[PDB]
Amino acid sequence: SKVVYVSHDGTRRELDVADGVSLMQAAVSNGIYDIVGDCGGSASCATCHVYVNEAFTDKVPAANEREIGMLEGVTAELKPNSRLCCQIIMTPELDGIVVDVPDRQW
């Protein structure tokens, strides 16, 4: 299923991501270096911060309490569409989801 990662400079990278893989796992394993994923995906670090495109923000499962506690500490601007992408699990229904990657994670 297609996921489009748009870097801060505007370059769009479309990856095909298998069911059940987090957007963070697909990013880090494919050289999307602007997503760090330091804690390994347990919503313990805030370094997989992305901005979910408005056409998909309400299409993905809501942020649980742990993700909310960690989003508080993102280093780039926190926005209404900020999410930790290790919390976004790919499904066929999300095909085409676009996320914009901030210019910093640390």
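The numbering used is simple: start at 1 and walk along the sequence shown.
In this entry, 71 to 79 has the higher mean Cα B-factor, the comparison being between 71 to 79 and 41 to 49. The PDB entry reports B-factors from which the mean C-alpha value can be compared for 20 to 28 and 91 to 99; the larger average falls on 91 to 99. Sort the modelled residues of the chain by CA B factor and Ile35 lands in the middle third. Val60 sits in the middle third of its chain by CA B factor, as recorded in the PDB entry.
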